[PDB]
file entry_9.cif (mmCIF, N, CA, C and O atoms)
data_protein
#
loop_
_atom_site.label_atom_id
_atom_site.label_comp_id
_atom_site.auth_asym_id
_atom_site.auth_seq_id
_atom_site.Cartn_x
_atom_site.Cartn_y
_atom_site.Cartn_z
N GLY A 1 101.06 93.72 91.95
CA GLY A 1 101.49 95.00 91.32
C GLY A 1 102.14 95.90 92.37
O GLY A 1 103.05 95.50 93.06
N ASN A 2 101.68 97.12 92.49
CA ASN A 2 102.28 98.03 93.49
C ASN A 2 101.36 99.21 93.78
O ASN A 2 100.25 99.27 93.30
N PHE A 3 101.86 100.16 94.52
CA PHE A 3 101.06 101.37 94.82
C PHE A 3 101.55 102.49 93.92
O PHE A 3 102.72 102.54 93.58
N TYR A 4 100.70 103.38 93.49
CA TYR A 4 101.20 104.45 92.59
C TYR A 4 100.60 105.80 92.90
O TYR A 4 99.44 106.06 92.63
N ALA A 5 101.39 106.71 93.40
CA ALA A 5 100.88 108.08 93.66
C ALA A 5 100.90 108.80 92.32
O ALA A 5 101.79 109.58 92.03
N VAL A 6 99.96 108.50 91.47
CA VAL A 6 99.94 109.11 90.12
C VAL A 6 98.96 110.27 90.03
O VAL A 6 97.95 110.31 90.70
N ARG A 7 99.26 111.22 89.17
CA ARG A 7 98.34 112.38 89.00
C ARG A 7 98.78 113.23 87.80
O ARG A 7 98.64 114.44 87.80
N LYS A 8 99.30 112.61 86.77
CA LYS A 8 99.72 113.40 85.57
C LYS A 8 98.54 114.24 85.10
O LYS A 8 98.67 115.41 84.79
N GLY A 9 97.38 113.65 85.03
CA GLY A 9 96.17 114.41 84.57
C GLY A 9 95.00 113.44 84.44
O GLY A 9 95.17 112.24 84.38
N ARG A 10 93.80 113.95 84.40
CA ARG A 10 92.61 113.05 84.28
C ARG A 10 92.36 112.36 85.62
O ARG A 10 93.11 112.51 86.56
N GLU A 11 91.30 111.60 85.71
CA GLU A 11 91.00 110.90 86.99
C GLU A 11 92.22 110.06 87.40
O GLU A 11 92.47 109.01 86.85
N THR A 12 92.97 110.53 88.36
CA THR A 12 94.17 109.76 88.80
C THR A 12 94.22 109.71 90.33
O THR A 12 93.22 109.87 91.00
N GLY A 13 95.38 109.49 90.88
CA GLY A 13 95.50 109.43 92.36
C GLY A 13 96.41 108.28 92.75
O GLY A 13 97.24 107.83 91.98
N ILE A 14 96.29 107.78 93.95
CA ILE A 14 97.16 106.67 94.39
C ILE A 14 96.57 105.33 93.94
O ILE A 14 95.38 105.10 94.03
N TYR A 15 97.40 104.44 93.47
CA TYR A 15 96.90 103.11 93.03
C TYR A 15 97.52 102.03 93.90
O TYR A 15 98.28 102.31 94.81
N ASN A 16 97.20 100.80 93.62
CA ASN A 16 97.73 99.69 94.42
C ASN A 16 97.44 98.41 93.65
O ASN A 16 96.69 97.56 94.09
N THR A 17 98.00 98.28 92.48
CA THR A 17 97.72 97.08 91.67
C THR A 17 98.78 96.90 90.60
O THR A 17 99.59 97.77 90.35
N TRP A 18 98.75 95.78 89.93
CA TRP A 18 99.71 95.56 88.82
C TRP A 18 99.17 96.32 87.62
O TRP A 18 99.86 97.07 86.96
N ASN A 19 97.91 96.11 87.34
CA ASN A 19 97.27 96.79 86.20
C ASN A 19 97.19 98.29 86.49
O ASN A 19 97.71 99.10 85.75
N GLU A 20 96.55 98.66 87.57
CA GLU A 20 96.46 100.10 87.91
C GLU A 20 97.83 100.74 87.70
O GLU A 20 97.95 101.88 87.29
N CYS A 21 98.86 100.00 87.97
CA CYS A 21 100.23 100.54 87.79
C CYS A 21 100.48 100.80 86.32
O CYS A 21 100.32 101.90 85.82
N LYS A 22 100.86 99.79 85.62
CA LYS A 22 101.13 99.93 84.18
C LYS A 22 99.91 100.51 83.46
O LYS A 22 100.03 101.37 82.61
N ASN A 23 98.74 100.04 83.78
CA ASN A 23 97.51 100.57 83.12
C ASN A 23 97.47 102.10 83.26
O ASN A 23 97.29 102.81 82.30
N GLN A 24 97.62 102.60 84.46
CA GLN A 24 97.59 104.07 84.65
C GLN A 24 98.83 104.69 84.03
O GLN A 24 98.85 105.85 83.67
N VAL A 25 99.88 103.92 83.90
CA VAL A 25 101.13 104.47 83.30
C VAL A 25 101.88 103.36 82.55
O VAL A 25 102.80 102.77 83.07
N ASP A 26 101.51 103.10 81.33
CA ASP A 26 102.20 102.05 80.54
C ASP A 26 102.67 102.67 79.22
O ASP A 26 101.89 102.88 78.32
N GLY A 27 103.93 102.97 79.12
CA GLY A 27 104.45 103.59 77.87
C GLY A 27 104.74 105.07 78.14
O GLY A 27 105.81 105.55 77.86
N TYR A 28 103.77 105.76 78.70
CA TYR A 28 103.90 107.22 79.04
C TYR A 28 105.27 107.78 78.64
O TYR A 28 106.28 107.46 79.24
N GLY A 29 105.31 108.61 77.64
CA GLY A 29 106.62 109.19 77.21
C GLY A 29 107.31 109.83 78.42
O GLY A 29 108.52 109.91 78.47
N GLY A 30 106.55 110.28 79.38
CA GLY A 30 107.17 110.91 80.58
C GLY A 30 106.07 111.28 81.58
O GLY A 30 105.95 112.42 81.98
N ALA A 31 105.28 110.33 81.98
CA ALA A 31 104.19 110.64 82.95
C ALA A 31 104.80 111.05 84.30
O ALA A 31 105.98 110.87 84.54
N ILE A 32 104.02 111.61 85.18
CA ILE A 32 104.56 112.05 86.51
C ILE A 32 104.60 110.87 87.47
O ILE A 32 105.59 110.63 88.13
N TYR A 33 103.52 110.16 87.53
CA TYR A 33 103.36 108.97 88.42
C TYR A 33 104.50 108.82 89.44
O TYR A 33 105.63 108.54 89.09
N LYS A 34 104.19 108.94 90.70
CA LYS A 34 105.22 108.75 91.76
C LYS A 34 105.05 107.34 92.32
O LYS A 34 104.26 107.10 93.21
N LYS A 35 105.76 106.39 91.77
CA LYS A 35 105.63 104.99 92.22
C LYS A 35 105.73 104.89 93.74
O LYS A 35 106.42 105.66 94.38
N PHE A 36 105.04 103.95 94.32
CA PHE A 36 105.08 103.79 95.80
C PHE A 36 104.65 102.38 96.20
O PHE A 36 104.07 101.64 95.44
N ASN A 37 104.94 102.02 97.42
CA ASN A 37 104.56 100.68 97.93
C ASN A 37 103.88 100.86 99.28
O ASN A 37 103.99 100.03 100.16
N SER A 38 103.20 101.96 99.46
CA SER A 38 102.52 102.23 100.75
C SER A 38 101.73 103.53 100.61
O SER A 38 102.27 104.61 100.77
N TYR A 39 100.47 103.42 100.31
CA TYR A 39 99.61 104.63 100.15
C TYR A 39 100.02 105.72 101.15
O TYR A 39 99.87 106.90 100.89
N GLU A 40 100.53 105.33 102.28
CA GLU A 40 100.95 106.34 103.31
C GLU A 40 102.04 107.25 102.74
O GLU A 40 102.03 108.45 102.95
N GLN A 41 102.98 106.70 102.02
CA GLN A 41 104.05 107.54 101.45
C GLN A 41 103.51 108.22 100.21
O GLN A 41 103.55 109.43 100.07
N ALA A 42 102.99 107.45 99.31
CA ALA A 42 102.42 108.03 98.08
C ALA A 42 101.44 109.14 98.46
O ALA A 42 101.47 110.22 97.91
N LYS A 43 100.58 108.87 99.40
CA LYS A 43 99.60 109.91 99.83
C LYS A 43 100.35 111.08 100.48
O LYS A 43 100.05 112.23 100.22
N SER A 44 101.32 110.80 101.30
CA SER A 44 102.08 111.91 101.93
C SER A 44 102.74 112.73 100.82
O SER A 44 103.06 113.89 100.99
N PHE A 45 102.95 112.12 99.68
CA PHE A 45 103.58 112.84 98.54
C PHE A 45 102.54 113.75 97.90
O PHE A 45 102.74 114.93 97.73
N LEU A 46 101.43 113.18 97.52
CA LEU A 46 100.37 113.97 96.87
C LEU A 46 100.21 115.31 97.59
O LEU A 46 99.83 116.30 97.00
N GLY A 47 100.50 115.34 98.86
CA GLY A 47 100.36 116.62 99.62
C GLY A 47 98.96 116.68 100.23
O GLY A 47 98.41 117.74 100.44
#
call {"tool": "encode", "arguments": {"input": "entry_9.cif", "output": "structure tokens"}}
result
Amino acid sequence: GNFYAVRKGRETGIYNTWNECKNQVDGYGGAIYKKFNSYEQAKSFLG
């Protein structure tokens, strides 16, 4: 899968999986989720 700096709402945060990816954001009419491939960038994004 991949890494995901997600935080649209609810228990979220950075992910690192195929499921965590689509699972945390699958369909989402317009979720925020900041896709990433390195918690270092995704985390640097979260602030």
call {"tool": "select_by_dssp", "arguments": {"input": "entry_9.cif", "residues": "chain A", "states": "strand (DSSP E or B)", "output": "mmCIF file with N, CA, C and O atoms, keeping the file's coordinate frame"}}
result
data_model
loop_
_atom_site.group_PDB
_atom_site.id
_atom_site.type_symbol
_atom_site.label_atom_id
_atom_site.label_comp_id
_atom_site.auth_asym_id
_atom_site.auth_seq_id
_atom_site.Cartn_x
_atom_site.Cartn_y
_atom_site.Cartn_z
ATOM 1 N N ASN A 2 101.680 97.120 92.490
ATOM 2 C CA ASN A 2 102.280 98.030 93.490
ATOM 3 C C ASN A 2 101.360 99.210 93.780
ATOM 4 O O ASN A 2 100.250 99.270 93.300
ATOM 5 N N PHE A 3 101.860 100.160 94.520
ATOM 6 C CA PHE A 3 101.060 101.370 94.820
ATOM 7 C C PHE A 3 101.550 102.490 93.920
ATOM 8 O O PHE A 3 102.720 102.540 93.580
ATOM 9 N N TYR A 4 100.700 103.380 93.490
ATOM 10 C CA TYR A 4 101.200 104.450 92.590
ATOM 11 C C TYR A 4 100.600 105.800 92.900
ATOM 12 O O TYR A 4 99.440 106.060 92.630
ATOM 13 N N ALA A 5 101.390 106.710 93.400
ATOM 14 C CA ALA A 5 100.880 108.080 93.660
ATOM 15 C C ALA A 5 100.900 108.800 92.320
ATOM 16 O O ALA A 5 101.790 109.580 92.030
ATOM 17 N N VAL A 6 99.960 108.500 91.470
ATOM 18 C CA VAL A 6 99.940 109.110 90.120
ATOM 19 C C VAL A 6 98.960 110.270 90.030
ATOM 20 O O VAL A 6 97.950 110.310 90.700
ATOM 21 N N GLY A 13 95.380 109.490 90.880
ATOM 22 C CA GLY A 13 95.500 109.430 92.360
ATOM 23 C C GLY A 13 96.410 108.280 92.750
ATOM 24 O O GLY A 13 97.240 107.830 91.980
ATOM 25 N N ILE A 14 96.290 107.780 93.950
ATOM 26 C CA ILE A 14 97.160 106.670 94.390
ATOM 27 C C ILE A 14 96.570 105.330 93.940
ATOM 28 O O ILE A 14 95.380 105.100 94.030
ATOM 29 N N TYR A 15 97.400 104.440 93.470
ATOM 30 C CA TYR A 15 96.900 103.110 93.030
ATOM 31 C C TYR A 15 97.520 102.030 93.900
ATOM 32 O O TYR A 15 98.280 102.310 94.810
ATOM 33 N N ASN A 16 97.200 100.800 93.620
ATOM 34 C CA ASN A 16 97.730 99.690 94.420
ATOM 35 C C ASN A 16 97.440 98.410 93.650
ATOM 36 O O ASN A 16 96.690 97.560 94.090
ATOM 37 N N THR A 17 98.000 98.280 92.480
ATOM 38 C CA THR A 17 97.720 97.080 91.670
ATOM 39 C C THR A 17 98.780 96.900 90.600
ATOM 40 O O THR A 17 99.590 97.770 90.350
ATOM 41 N N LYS A 34 104.190 108.940 90.700
ATOM 42 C CA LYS A 34 105.220 108.750 91.760
ATOM 43 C C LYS A 34 105.050 107.340 92.320
ATOM 44 O O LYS A 34 104.260 107.100 93.210
ATOM 45 N N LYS A 35 105.760 106.390 91.770
ATOM 46 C CA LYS A 35 105.630 104.990 92.220
ATOM 47 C C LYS A 35 105.730 104.890 93.740
ATOM 48 O O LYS A 35 106.420 105.660 94.380
ATOM 49 N N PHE A 36 105.040 103.950 94.320
ATOM 50 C CA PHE A 36 105.080 103.790 95.800
ATOM 51 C C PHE A 36 104.650 102.380 96.200
ATOM 52 O O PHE A 36 104.070 101.640 95.440
#
call {"tool": "atom_distance", "arguments": {"input": "entry_9.cif", "atom1": "atom C of residue 41 (chain A)", "atom2": "CA of residue 22 (chain A)"}}
result
18.2 Å
call {"tool": "closest_residue", "arguments": {"input": "entry_9.cif", "among": "A:14, A:47, A:35, A:21", "to": "residue 1 (chain A)", "atoms": "all atoms listed in the file"}}
result
A:21
call {"tool": "atom_distance", "arguments": {"input": "entry_9.cif", "atom1": "atom O of residue 2 (chain A)", "atom2": "atom C of residue 34 (chain A)"}}
result
9.4 Å
call {"tool": "closest_residue", "arguments": {"input": "entry_9.cif", "among": "A:33, A:18, A:28, A:45", "to": "residue 5 (chain A)", "atoms": "only N, CA, C and O atoms"}}
result
A:33
